[PDB]
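Each remark here refers to the structure printed beneath this line.
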Amino acid sequence: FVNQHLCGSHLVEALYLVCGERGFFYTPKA
Amino acid sequence: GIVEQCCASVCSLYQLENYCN
Ligand SMILES: [Zn+2]
C-alpha cells in the first residue's frame, strides 16, 4: 500500500477501498 | 483522530483499518 499523507477526499477513498464490505467512519473532528 | 494520524502524519494500512466499521 502507499506510504504517504492521505487527506480529504483521498483519505475517504482509501478507507472505502481498504475497509471493503465492513464500511468505515470518517470523523475528522475526532 | 484520523486527520492527525493519516493526513498530518502517515498511516500504515493497519492504522487505516482502525477506521473501518
Ligand atoms: Zn487531490
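In the text below, chain A, chain B and the rest are named by the order of the sequence lines, each starting its count at 1. One-based numbering, in listed order, for ligands and for the atoms of each. Just so it is clear, the values below take in all heavy atoms, side chains as well, and ignore hydrogens, waters and symmetry mates.
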Gap separating the CZ atom of A:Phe1 from the SG atom of B:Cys11, nearest 0.5 angstrom = 10.5 Å
ask   = Looking only at heavy atoms, which two atoms of A:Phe24 and A:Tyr26 are closest? And how far apart?
value = CD1-N, 4.0 Å
query = Are there any protein N/O/S atoms under 2.8 Å from the Zn ion (ligand 1), and if so, which?
reply = A:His10 NE2
ask   = Atom OH in B:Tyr19, atom CG in A:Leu15: separation rounded to 0.5 Å?
value = 9.0 Å
request  = Assess whether atom CZ of A:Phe25 is packed by more than 12 heavy atoms of other residues, nucleotides or ligands within 6.0 Å.
outcome  = yes
request  = State which residue, out of A:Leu6, A:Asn3, A:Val2, fulfils the side-chain contact (heavy atoms from CB on, under 4.5 Å) condition with B:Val10.
outcome  = A:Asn3
note = Smallest heavy-atom separation, B:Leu16 atom then B:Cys6 atom, equals CD2-SG, 3.7 Å
